[PDB]
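Following: one structure in structure tokens, then a few remarks.
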Amino acid sequence: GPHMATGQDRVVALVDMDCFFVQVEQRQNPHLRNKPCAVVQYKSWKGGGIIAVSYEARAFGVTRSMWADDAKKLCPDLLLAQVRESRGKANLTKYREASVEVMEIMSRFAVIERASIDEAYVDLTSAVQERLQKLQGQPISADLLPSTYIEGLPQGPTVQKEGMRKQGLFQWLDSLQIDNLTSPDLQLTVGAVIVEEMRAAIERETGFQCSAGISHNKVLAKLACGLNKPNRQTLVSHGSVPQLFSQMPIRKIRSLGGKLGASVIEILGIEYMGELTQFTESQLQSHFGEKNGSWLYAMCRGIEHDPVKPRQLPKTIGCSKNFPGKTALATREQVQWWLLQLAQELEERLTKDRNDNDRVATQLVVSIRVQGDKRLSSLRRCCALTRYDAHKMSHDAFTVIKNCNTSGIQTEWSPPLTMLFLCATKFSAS
DNA sequence: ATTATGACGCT
DNA sequence: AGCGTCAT
Ligand SMILES: Nc1nc2c(ncn2[C@H]2C[C@H](O)[C@@H](COP(=O)(O)OP(=O)(O)OP(=O)(O)O)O2)c(=O)[nH]1
Ligand SMILES: [Mg+2]
Ligand SMILES: [Mg+2]
């Protein structure tokens, strides 16, 4: 009863940029705006692999991981932008730099956790206390929430989507207790007002549109963000969780879309997140381990305690390239030339990072995949990263992998290499 | 021949 | 440390 934690202590937002790489290319090339378009890596094999898709193109069934030649069968007028190639490999610098633009804007409002190139969590708890102090119990106008959906509303006793959005928002605002500065629903609402402001700032200052979720923790904020894309934001209240989860496939919750989620389904004989509530915490721990079990017990009740980490910069800087089927590297000269290409991109990015961010990486991780191995990584070895020198890094990477060569000949490489990966890690301030 | 990352957990 | 999972 009165002691049962409800996980309503924080206001957390998740901001995800809509079809990010597409928007970066559409900003640069206005001929791509408001068109079905996609971003592709490479071109020779099946037209290149699609990694981002505009919402107009998604209406035709174009998806990520589709070959552009097949996408063109679904959408013959699909427009394509190609990722830049440098030193023989895909170079994502333009999108990393665009991401920095967005993350700096969001950092003006609150401390953010960079979760990916195009999404960040925001801890708005303190900003919400501030805005509530400034409001002085003044009600929140629907005008301040022009792109907000309230999940689960409207409910109870129009045939157009904006009309439904506004009915739901009206029902929500009508039920608000605006004189209770500690009401979680009011705090979420103020958080949504702030996120409207943040998203407006991102669009004004970059041209990019985004979606967002506002809830009491990261998992619900992420889930919420996905409910009304593109260019909209969604508030998921604590009270909305029983109905939301009652039909929510377990795999939709972040961390459960893989083997653990499949095992929850098969072991417990359930389909939906809400069905987890019928198990004790000890039962879930017995199947899925102490940490997963406690997390699932709380998560299916809408409660999650994982903090928004104050981290705007990536923890690692890496370069990787696959060498599929017959492009596999089978000679020493090959392996060395490509280690050097990867190392030269890494050196460029590391030098920029040291100048921008006052830090130096101290460990170089070298990962490879050999032909025939099913695992995405066949071997990981670390060595010291003591100088930002591409020839030195590529020589060191060769030194740490050179005994994987089964060939008795010194010039041949067997089994041939289908993937090279260099990653700089363990940053120290400088 | 799904590609290029990147975070985090396990032991 | 090296490997696995999950994300996309
Ligand atoms: N290189 C590479 N980049 C990827 C891959 N998957 C996604 N990305 C990039 C391109 C996307 O624009 C960007 C952000 O991914 P998201 O999952 O947020 O999707 P996106 O923003 O494209 O669309 P969304 O509106 O969020 O559904 O990450 C991939 O497999 N390889
Ligand atoms: Mg994202
Ligand atoms: Mg996506």
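The sequence lines fix the lettering, A, B, ..., with proteins before strands; numbering per chain opens at 1.
Proximity of A/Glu271 to A/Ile250: side-chain heavy atoms (C-beta onward) are nowhere separated by under 4.5 Å. Taking 4.5 Å as the limit, some side-chain heavy atom of A/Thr189 sits within range of a side-chain heavy atom of A/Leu145. At a threshold of 4.5 Å between non-hydrogen side-chain atoms, the residues A/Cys210 and A/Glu119 do not count as touching.
Distance A/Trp295 CH2 to B/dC8 P: 15 Å, rounded to the nearest Å. In this entry the distance linking CG of A/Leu329 with P of B/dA1 reads 13 Å, nearest Å. Distance, A/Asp70 CG to B/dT2 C1': 12 Å, rounded to whole Å. Remark: P of B/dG6 and CG of A/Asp353 are 11 Å apart, rounded to the nearest angstrom. Straight-line distance from the CG atom of A/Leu313 to the P atom of B/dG6: 12 Å, rounded to whole Å. Distance CD (A/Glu345) to P (B/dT3): 17 Å, rounded to an integer number of Å. Whole-Å rounding puts the A/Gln312 CD to B/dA7 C1' distance at 17 Å. Here B/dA4 presents its P atom at 14 Å from CD1 of A/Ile117, a figure rounded to the nearest Å.
In this structure, A/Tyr42 does not reach the B/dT2 phosphate: none of its side-chain N or O atoms is under 4.0 Å from OP1 or OP2. Residue A/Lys326 places none of its side-chain N or O atoms closer than 4.0 Å to OP1 or OP2 of B/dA1. OP1 and OP2 of B/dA1 both lie 4.0 Å or more from every side-chain N or O belonging to A/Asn322. Residue A/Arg114 has no polar side-chain atom (N or O) positioned under 4.0 Å from OP1 or OP2 of B/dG6. Contact annotation: A/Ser65 side-chain N/O to B/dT3 OP1/OP2 distance is not under 4.0 Å.
When each of B/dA1, B/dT5, B/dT3 is scored by its nearest atom to the side-chain atoms of A/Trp45, the top-ranked nucleotide is B/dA1. Of the candidates B/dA1, B/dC8, B/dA4, the closest approach to any side-chain atom of A/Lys315 belongs to B/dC8. When each of B/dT3, B/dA1, B/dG6 is scored by its nearest atom to the side-chain atoms of A/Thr327, the top-ranked nucleotide is B/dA1. Each of B/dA1, B/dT3, B/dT5 was ranked by its minimum atom distance to the side chain of A/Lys89; first place goes to B/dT5.
DNA chain B is contacted by both A/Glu113 and A/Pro324; A/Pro324 maps to the nucleotide lying nearer its 5′ end (nearest heavy atom per residue). Judged by closest nucleotide on DNA chain B, A/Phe421 is the one of A/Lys309 and A/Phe421 placed further toward the 5' end.
Among all heavy-atom pairs drawn from A/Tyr42 and A/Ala90, the shortest one is OH-N, 3.0 Å.
Across all strands, A/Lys46 comes closer than 4.0 Å to no nucleic acid atom at all (heavy-atom distances). Looking at heavy-atom distances under 4.0 Å, A/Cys423 makes no contact with the nucleic acid at all. In this structure, A/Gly49 reaches neither bases nor backbone, as no heavy-atom distance under 4.0 Å exists between it and the strands shown.
Taking the six-membered ring where the residue is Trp, A/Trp67 and A/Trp45 present perpendicular rings, their angle passing 60° and hence far from 30°.
A cation-pi arrangement is not found for A/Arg58 relative to A/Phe60, the charged atom failing to lie both closer than 6.0 Å to the ring centre and inside a 45° cone about the ring normal.
When the options A/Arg165, A/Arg232, A/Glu196 are evaluated for a side-chain hydrogen bond (donor to acceptor under 3.5 Å, both in side chains) with A/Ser147, the one that passes is A/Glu196.
Using P as the reference atom, C/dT8 and B/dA1 are 24 Å apart when rounded to the nearest Å.
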### Query
What does nucleotides 1-8 of chain C look like as a protein-contact string, B for base, S for sugar-phosphate only, - for none, at under 4.0 angstrom between heavy atoms?
SSBBSSSB
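Enclosure of atom NZ in A/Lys402 is not indicated, since only 12 or fewer non-hydrogen atoms of other residues, nucleotides or ligands lie within 6.0 angstrom.
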